[PDB]
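The structure appears right after this line, and notes come after that.
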Amino acid sequence: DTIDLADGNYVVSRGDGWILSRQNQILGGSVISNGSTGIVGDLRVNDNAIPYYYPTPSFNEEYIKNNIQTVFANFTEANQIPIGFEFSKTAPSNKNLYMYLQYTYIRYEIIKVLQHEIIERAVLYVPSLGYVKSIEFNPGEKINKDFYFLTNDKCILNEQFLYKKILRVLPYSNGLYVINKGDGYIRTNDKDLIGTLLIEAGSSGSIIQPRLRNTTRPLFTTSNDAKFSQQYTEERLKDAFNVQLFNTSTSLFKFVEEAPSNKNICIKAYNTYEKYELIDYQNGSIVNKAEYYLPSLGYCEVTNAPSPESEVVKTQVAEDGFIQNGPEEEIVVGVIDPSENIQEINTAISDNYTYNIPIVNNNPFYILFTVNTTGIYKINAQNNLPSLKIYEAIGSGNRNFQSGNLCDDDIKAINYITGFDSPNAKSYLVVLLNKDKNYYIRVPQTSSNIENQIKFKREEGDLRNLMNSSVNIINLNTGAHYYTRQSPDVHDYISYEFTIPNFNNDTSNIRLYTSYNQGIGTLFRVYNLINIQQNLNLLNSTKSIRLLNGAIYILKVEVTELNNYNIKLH
Amino acid sequence: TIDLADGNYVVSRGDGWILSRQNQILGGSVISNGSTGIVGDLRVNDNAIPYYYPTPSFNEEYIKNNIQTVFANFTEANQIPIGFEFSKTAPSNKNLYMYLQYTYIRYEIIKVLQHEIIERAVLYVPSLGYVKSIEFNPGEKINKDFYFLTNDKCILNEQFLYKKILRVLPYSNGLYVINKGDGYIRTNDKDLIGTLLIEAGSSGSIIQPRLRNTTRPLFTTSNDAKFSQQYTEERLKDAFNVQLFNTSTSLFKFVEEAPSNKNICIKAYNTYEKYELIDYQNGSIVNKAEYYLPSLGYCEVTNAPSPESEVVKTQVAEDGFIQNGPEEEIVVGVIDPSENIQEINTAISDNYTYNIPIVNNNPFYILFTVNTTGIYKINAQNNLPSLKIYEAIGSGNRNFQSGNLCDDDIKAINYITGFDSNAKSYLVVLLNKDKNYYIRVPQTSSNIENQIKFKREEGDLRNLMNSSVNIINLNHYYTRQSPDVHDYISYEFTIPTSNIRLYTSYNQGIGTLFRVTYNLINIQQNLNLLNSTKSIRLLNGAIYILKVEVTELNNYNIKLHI
Amino acid sequence: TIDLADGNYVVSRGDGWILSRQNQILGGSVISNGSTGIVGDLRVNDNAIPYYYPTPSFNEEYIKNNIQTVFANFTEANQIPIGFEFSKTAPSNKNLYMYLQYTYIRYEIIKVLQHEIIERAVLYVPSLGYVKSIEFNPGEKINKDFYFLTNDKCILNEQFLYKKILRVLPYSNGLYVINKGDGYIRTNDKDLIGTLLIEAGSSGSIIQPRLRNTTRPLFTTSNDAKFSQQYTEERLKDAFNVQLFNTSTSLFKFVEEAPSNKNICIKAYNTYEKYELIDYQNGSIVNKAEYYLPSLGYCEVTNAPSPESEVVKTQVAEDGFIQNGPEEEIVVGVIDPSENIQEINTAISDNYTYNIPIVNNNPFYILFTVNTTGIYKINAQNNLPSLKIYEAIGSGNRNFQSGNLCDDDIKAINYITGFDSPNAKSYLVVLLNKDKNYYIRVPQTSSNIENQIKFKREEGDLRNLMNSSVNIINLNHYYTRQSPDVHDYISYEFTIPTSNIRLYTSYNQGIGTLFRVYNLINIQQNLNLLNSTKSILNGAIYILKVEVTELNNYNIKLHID
């Protein structure tokens with residue numbers, strides 16, 4: 001009756017597996033014989049889900065319930081979903097087996113501490129699951145009264161004492177992402193525990209989640225409710241992974257464990273969530289974040305049942321948080337910004353198209369289009385001034401198809417290919433585009449009212465060497481120069497175009513290297529392209545190359561070691 | 001890229017299609033240390049909504065109507081709840097993760113021009129699910145392809161089914177209901193519940209719970225005026241006591257456990273029990289109605305081939321049925337519902353004389369029973385109306401009153417003996433005590449008072465048991481309906497000393513010629529009469545009886561010569 | 001053919017009857033290559049309606065009433081959904097076909113005249129089903145007997161059950177609820193759910209889901225004025241906290257897999273848990289109410305006999321109960337609901353003095369608790385009202401407040417010591433636990449003078465008399481009191497009028513002690529007192545502690561000479 005806690009009020013959880021005195025046999029028992037299998041079960045809903053309160057003058061029913069639901073699992077919300085448990089036992093040949101069902105409870109206590117003693121204690125019994133006790137008997141056998149009758153409340157498991165006092169370089173493009181961070185997420189302090197089943201040796205026990213009530217309780221958290229609301233997050237989840245049902249589920253999950261004939265074991269079942277993150281990656285940093293926990297199909301932990309008589313170590317409840325019991329996962333799916341216009345090119349591009357920029361008024365927007373046949377396309381704008389960025393709709397072309405026309409599959413899940421989200425950067429994209437697939441070109445937010453054009457042209461030449469890379473157009477006076485762009489991910493490409501400052505057939509001393517990033521560069525001179533070198537590593541290279549004056553050269557760089565968000569070139 | 005002629009086609013790419021990006025949106029289970037994880041779902045409301053991808057050459061109506069004309073009608077099938085389950089066990093001290101998906105049947109509407117697909121419409125009908133499992137460790141880096149699918153694929157092997165868009169019965173006259181077997185299905189997967197791909201070391205089950213009891217029987221007839229659907233159901237009730245046609249309460253379920261070295265697939269179908277109602281008249285079938293009562297399903301279990309094999313473009317089979325159950329043919333004669341059933345309430349003891357009432361020339365039945373088991377000779381006045389005796393199948397197993405007929409209202413009858421004819425005959429038959437028997441009086445052509453007589457045979461006439469005796473002119477060939485094999489037919493004639501040769505045609509029968517002295521004495525034994533050339537000395541002006549046991553039945557009719 | 005006397009009889013031909021021509025009208029399943037086929041059904045609504053075949057002397061009402069009077073009441077039974085299941089596996093590279101049937105219980109109403117059955121009525125009550133399986137090949141010719149049944153038959157062995165149609169309890173006085181065991185059934189198959197015939201190598205299951213939660217308890221009493229059904233249910237709630245009568249949520253299911261060598265039959269029953277409410281007074285049972293709370297079922301597994309053996313005509317057994325569960329007897333005393341419960345809110349520390357009020361002369365309880373564990377001597381003025389201490393079973397396991405009584409409303413009590421015999425001088429020496437709640441039943445007094453209950457903590461030599469009641473004794477000799485149970489204690493206090501004193505008892509075996517008087521000093525030890533002839537100051541107080549070892553009589557008698 002002595003504690004080490006400071007003076008005050010505490011919320012105490014004595015754990016699951018509590019059975020109550022004298023209510024041992026009041027649910028009924030089964031008799032089986034000669035190899036028969038006896039299965040006894042129940043469903044926890046309505047009357048058998050009502051907690052039993054034992055209030056005290058200082059701690060009333062509301063004072064108990066509110067504190068218990070604030071720190072531990074919310075039983076009021078949990079008791080509205082029917083949960084089933086089953087126990088299976090087989091009788092040996094030429095023998096009689098008797099088994100009777102009980103109910104197990106989670107014992108919560110509200111205690112008052114004064115001068116290192118418990119002067120007051122409240123009790124709450126929340127129904128969780130059941131317990132089957134079996135025996136083998138013979139006619140006229142005298143069974144011990146302890147098998148039938150319980151005098152005082154006991155924990156079939158080992159009791160616990162949980163108290164609380166009452167008072168990475170991402171090489172992403174700018175835009176939205178939905179990340180599947182894994183499955184099997186649970187909450188601390190047994191906030192998701194369905195229940196514990198103690199299975200005796202040689203018997204079977206199952207915890208069943210039928211869909212008697214097709215209802216779930218998703219958990220949501222955001223850093224900016226103005227932009228990333230719950231409805232906004234659900235719409236983006238539907239855009240990314242086509243999630244339809246959030247607060248309703250029809251899937252059934254069930255865990256069954258058979259105990260070995262030599263030891264007793266217990267199983268714990270939990271409710272799981274599938275973690276989703278909606279981020280707004282801008283200029284190399286996360287600006288917005290919203291965590292969405294879609295309810296998953298449960299997690300079962302199977303452990304050997306410890307001795308009911310064991311040392312009780314009084315423990316403080318862990319801080320509120322999540323634990324992942326499923327495997328590691330990170331699926332990144334870019335989604336279309338819902339606050340931007342989607343323009344379309346209905347007739348598929350064959351060899352030459354010249355899109356006219358409309359109704360947009362300098363706002364950034366998408367251009368949904370497709371090509372007539374697979375090939376390498378150079379996509380540029382007037383004087384290359386607005387730097388475009390090409391995307392691909394994930395899973396486009398697998399369905400309805402019409403030859404020579406765009407089929408708007410209405411897929412907002414996009415995959416970045418190449419392009420810079422930089423103002424005032426001359427560039428054109430050299431990309432390989434597939435037939436019948438839908439592609440997006442995000443035109444950046446311009447500041448000019450002059451009519452602009454997007455041009456598409458098939459590369460039936462040496463320019464196919466620059467496939468899936470964006471070429472920077474360069475300014476030069478010799479001396480020291482630096483150019484900073486977003487570093488492409490590992491194994492991706494970035495191209496540079498520059499001229500040596502009078503064409504005479506006159507060389508120059510030109511040094512080529514990068515900063516903080518390793519890439520096996522390649523050099524082409526011009527339009528026909530011929531290779532000058534193969535394996536220029538440009539991390540901090542001091543190499544020098546004879547460069548003809550007044551000639552155009554191209555620097556393809558394949559990023560191998562991504563150390564910085566930005567790539568710098570000299 | 002196609003071999004089909006120019007036009008529009010309906011294409012089925014088969015079941016087992018999974019859609020991109022929606023792999024993990026239903027949830028996943030984590031299990032550890034010997035636990036069993038079971039994950040399932042039920043397809044009824046939102047799990048059964050097809051997804052249409054129309055083109056500006058076809059339509060959602062154009063897709064649905066063409067799909068449902070040739071392949072399974074999903075609209076009427078998606079309204080019946082179907083359950084599927086997947087079971088997996090984790091090994092000791094190890095963590096197992098599994099996540100549920102949905103499988104679809106990919107239907108396509110394609111347009112062909114100059115041997116190429118210029119337009120393609122897509123329909124995804126939901127069928128079943130698919131559970132994908134892995135074993136992981138804390139900090140294990142799992143391949144993204146396990147979690148995420150980029151493009152739609154078939155977990156099974158894809159298919160390409162296209163269609164261009166533009167015996168001697170020795171029966172008596174009367175009605176029959178024939179159970180022709182169970183496990184009947186329809187071609188082109190018109191009854192396929194779904195396919196489950198079970199990975200090695202896991203279990204998968206397809207469940208048909210009776211959440212909705214509606215069933216859809218199929219019926220076809222050759223004469224809707226006579227053999228309507230309601231008429232066929234009434235005759236089925238008469239024959240086999242079938243009560244529930246559109247409703248079923250029985251639950252069926254197929255479970256298969258995959259071996260640890262093979263991943264295998266199971267196909268579940270809806271089955272029908274074939275019934276035929278026929279009107280056999282004068283040796284030929286005049287009417288026929290086919291009724292397919294919905295049965296309790298059929299499961300086909302086969303090893304799953306590689307999802308990547310040669311796709312051979314195939315034409316859909318013609319409309320029809322396949323029997324996957326065992327061979328069956330149960331023939332149960334039924335009482336004609338368009339004929340009167342008269343009754344003899346007091347059981348026949350030794351002598352009865354029924355008076356024909358009212359029934360003036362329509363055929364009718366006489367339901368009756370005997371006081372004790374014995375051989376009864378049943379005739380009519382001058383034997384002119386040839387009667388036919390039947391037996392009610394399963395009469396006397398129930399309510400009983402001594403010395404009185406107890407009506408059982410059993411319309412299932414079993415033919416014993418008698419002719420469908422204007423032919424002098426009397427029946428010698430053994431009748432059981434409590435059983436109910438029918439005597440079909442034929443359609444007469446006179447207004448005179450006729451009588452049916454029953455007399456117990458305690459003499460030598462008991463040798464002709466379960467046979468009808470023809471009374472014989474002869475001052476020669478006689479044609480009657482041939483009794484079935486091992487059955488009997490009797491002939492009675494008078495000799496006008498002489499040379500007598502008796503033989504049959506197209507049928508082999510064991511003659512057992514007796515002489516009438518009324519007393520019967522056996523004169524010749526085992527006279528095989530199939531084109532026999534034997535002869536017997538026959539006394540002039542004496543009555544003789546020839547019992548014939550049909551051994552070889554080649555013709556509907558039995559012929560006999562003098 | 002009959003041996004019965006002339007008259008009318010009710011006949012049960014048992015379960016397992018299948019009807020002619022209705023064989024594969026429910027459908028059949030085809031499985032192949034290691035598949036498992038499971039076929040089941042649920043007995044309710046239409047497949048639950050009996051089929052009557054009346055006779056001129058026995059109509060439908062006559063048949064139904066006579067069947068339900070003697071055998072199982074099917075009308076009440078058919079309203080509760082019961083499920084059955086059959087499981088079969090097909091071997092590799094083979095085709096298995098199975099079709100479902102319905103089984104019935106054949107009841108007959110027969111009339112006997114001159115040793116013969118002149119009239120017979122038939123009733124077919126629905127029960128569970130029957131699955132028949134076969135292994136077939138393409139083009140295999142199957143026997144018509146497998147598909148088609150011509151006449152009704154019993155898949156089990158038929159039966160012919162006919163009926164002609166025309167101990168020292170050492171308890172204290174008070175109420176008890178006794179759990180007499182589980183698995184109780186009724187004779188003549190009045191609780192039989194049904195029988196499943198499982199073919200070799202297949203599985204069969206009888207399922208009791210809760211689609212209807214209604215259950216049907218059976219109740220019998222000897223005095224409906226006092227022990228009504230509601231009174232019995234309230235006492236069951238007091239004793240074992242039984243909350244749901246005539247309603248259950250628990251699901252029970254029996255599954256049996258038949259060996260590949262034998263056919264197996266399983267019988268499922270509805271079970272009851274027997275409860276007895278008794279009024280034990282002055283050594284005899286005065287009232288008794290028997291309550292049979294419906295339990296989870298009982299399954300009997302036996303090898304299927306040949307459906308063809310001698311059908312020995314049998315008379316139905318007398319109505320009664322059979323226990324198929326283990327032996328049990330749990331005795332729980334309950335608080336008398338017709339008596340007042342007073343309370344002492346402040347826990348007793350060392351000294352309390354309750355003043356007896358509202359109670360008049362009626363007997364009543366005093367609910368109280370002590371501050372700390374110790375041996376308390378509880379008396380009442382001049383020891384005239386003999387008190388009896390009880391303990392509330394399961395008190396102190398829950399809400400707690402230091403220094404105050406926490407009422408738990410537990411009416412389940414455990415007798416400790418005290419005499420239910422007024423006009424007897426006594427005080428109780430008992431050890432009381434700290435947080436436990438205790439009852440003191442004050443007997444029905446006859447005086448109007450205010451009396452008092454005194455509690456005093458014993459820190460002296462009086463602790464030797466723990467858990468015993470001391471009789472205060474005339475003696476200028478035999479004394480009769482209720483004999484304590486075996487291993488319990490009873491104490492006697494007397495004054496000597498030195499002298500020769502003989503100590504012995506009658507009909508009871510007891511180890512005695514002779515503590516001399518306040519300080520107590522041991523004088524005699526291990527005095528075996530049944531008819532003992534042993535013998536031993538003058539004008540001194542002695543105490544006789546007696547430990548009952550052999551209980552032959554309800555009363556203990558002690559002689560002093």
Side-chain angles (χ1 to χ4, degrees), chain A residues 32-38 90-94 96, chain B residues 326, chain C residues 12-20 22-24 26 28-29 31 36-41 82-91 94-106 126-136 142-160 189 192-207 253-269 297-309 311-312:
Chain A
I32 46 173
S33 68
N34 312 359
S36 194
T37 325
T90 317
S93 295
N94 322 304
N96 300 317
Chain C
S12 179
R13 313 265 266 151
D15 195 354
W17 284 80
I18 55 176
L19 309 185
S20 55
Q22 322 174 12
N23 286 20
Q24 64 180 20
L26 287 192
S29 208
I31 46 173
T36 322
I38 305 116
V39 170
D41 206 307
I82 298 293
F84 61 92
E85 230 180 24
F86 278 105
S87 188
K88 183 83 213 201
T89 316
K94 280 182 181 29
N95 300 317
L96 196 138
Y97 175 67
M98 66 208 267
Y99 68 82
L100 182 59
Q101 224 155 342
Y102 281 155
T103 62
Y104 299 91
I105 309 153
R106 184 175 167 117
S127 74
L128 297 326
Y130 177 37
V131 154
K132 240 180 68 165
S133 159
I134 208 69
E135 210 83 24
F136 72 92
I142 321 292
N143 182 21
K144 291 177 193 308
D145 196 10
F146 175 75
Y147 294 127
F148 204 52
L149 189 69
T150 292
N151 299 290
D152 302 12
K153 76 153 191 148
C154 205
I155 68 179
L156 320 179
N157 191 336
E158 305 171 29
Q159 47 177 80
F160 205 99
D189 291 283
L192 166 76
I193 293 182
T195 316
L196 249 67
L197 169 66
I198 316 178
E199 31 173 13
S202 68
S203 313
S205 174
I206 305 149
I207 306 125
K253 180 203 314 176
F254 315 113
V255 187
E256 171 78 355
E257 155 88 19
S260 291
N261 157 45
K262 299 181 295 299
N263 274 13
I264 283 287
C265 291
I266 60 174
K267 283 179 292 304
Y269 297 85
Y298 154 67
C299 198
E300 190 191 343
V301 162
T302 175
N303 304 342
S306 57
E308 307 281 88
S309 295
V311 184
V312 179

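Computed from heavy atoms alone, side chains included, the values below leave out hydrogens, waters and symmetry copies. Letters A, B, ... are given to chains in the order of the sequence lines, protein chains preceding strands, and every chain is numbered from 1.
- With a 4.5 Å cut-off on side-chain heavy atoms, C:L156 and C:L197 count as touching.
- C:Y130 pairs by the ring pair (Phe, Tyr, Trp, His ring centres under 6.0 Å) definition with nothing, not counting sequence neighbours.
- Scanning all heavy atoms of the two residues, the minimum distance from C:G37 to C:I31 falls at N-CD1, 3.7 Å.
- Residues C:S205 and C:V255 come closest through the heavy atom pair OG-CG2, 3.4 Å.
- For the residue pair C:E257/C:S203, the side-chain donor-acceptor check at 3.5 Å is satisfied.
- Considering only heavy atoms from C-beta on, C:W17 stays 4.5 Å or farther from C:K153 through its side chain.
- The closest side-chain heavy-atom distance from C:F254 to C:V301 is not below 4.5 Å.
- Separating the CZ atom in C:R106 from the CD1 atom in C:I18 is a distance of 12.5 Å, to the nearest 0.5 Å.
- Looking at heavy atoms from C-beta onward, C:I264 lies in side-chain contact with C:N303 at the 4.5 angstrom threshold.
- Using cut-offs of 30° and 60° on the angle between ring planes, the pair C:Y99 and C:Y97 is tilted.
- C:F136 meets the ring pair (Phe, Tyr, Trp, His ring centres under 6.0 Å) test with no other residue; sequence neighbours excluded.
- Looking at C:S20 and C:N151, their side chains never come closer than 4.5 Å, going by heavy atoms from C-beta outward.
- In this structure, CG in A:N34 is found 12.0 Å from CD1 in C:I266, a value given to the nearest 0.5 Å.
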List the steps and the verdict of side-chain contact (heavy atoms from CB on, under 4.5 Å) for C:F84 and C:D41. CA-CA 6 Å; C:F84 61 92; C:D41 206 307; 3.5 Å; yes
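- The minimum heavy-atom distance linking C:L100 with C:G40 is given by the pair CD2-O, 3.9 Å.
- In this structure the side chain of C:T103 never reaches within 4.5 angstrom of the side chain of C:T195, judged on heavy atoms.
- Scored by the ring pair (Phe, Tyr, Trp, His ring centres under 6.0 Å) test, C:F148 finds B:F240 as partners (sequence neighbours excluded).
- Smallest separation of non-hydrogen atoms from A:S33 and A:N96: CB-OD1, 3.4 Å.
- Shown here for C:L196 and C:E85, the closest heavy-atom pair between the two residues is CD2-O, 4.0 Å.
- At a cut-off of 3.5 Å, with distance as the only test, no side-chain donor of C:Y104 or C:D152 sits close to an acceptor on the other residue.
- With rounding to the nearest 0.5 angstrom, the CG atom of C:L149 is 7.5 Å from the NZ atom of C:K132.
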I'd like to know whether C:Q22 forms a side-chain contact (heavy atoms from CB on, under 4.5 Å) with C:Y102, so could you lay out the CA-CA distance, the side-chain angles of the two residues, the decisive distance to 0.1 Å, and finally the verdict. CA-CA 9 Å; C:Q22 322 174 12; C:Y102 281 155; over 6 Å; no
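- You'll find the side chain of C:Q101 stays beyond 4.5 Å of the side chain of C:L26, heavy atoms only.
- By the 4.5 Å heavy-atom criterion applied to side chains, C:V131 and C:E199 are counted as neighbours.
- Residue C:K262 qualifies as enclosed at atom NZ: its count of foreign heavy atoms under 6.0 Å is above 12.
- No side-chain donor-acceptor contact under 3.5 Å links C:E256 to the backbone of C:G204.
- Summarising the geometry, atom OG belonging to A:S36 is positioned 8.0 Å from atom CD1 belonging to C:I206; distances are rounded to the nearest 0.5 Å.
- Closest approach of C:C154 and C:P307 over heavy atoms only: O-CB, 3.8 Å.
- With values rounded to the nearest 0.5 angstrom, C:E135 atom CD is found 6.5 Å from C:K94 atom NZ.
- Using a distance-only test at 3.5 Å, with no hydrogens or angles considered, no donor-acceptor pair links the side chain of C:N157 to the main chain of C:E308.
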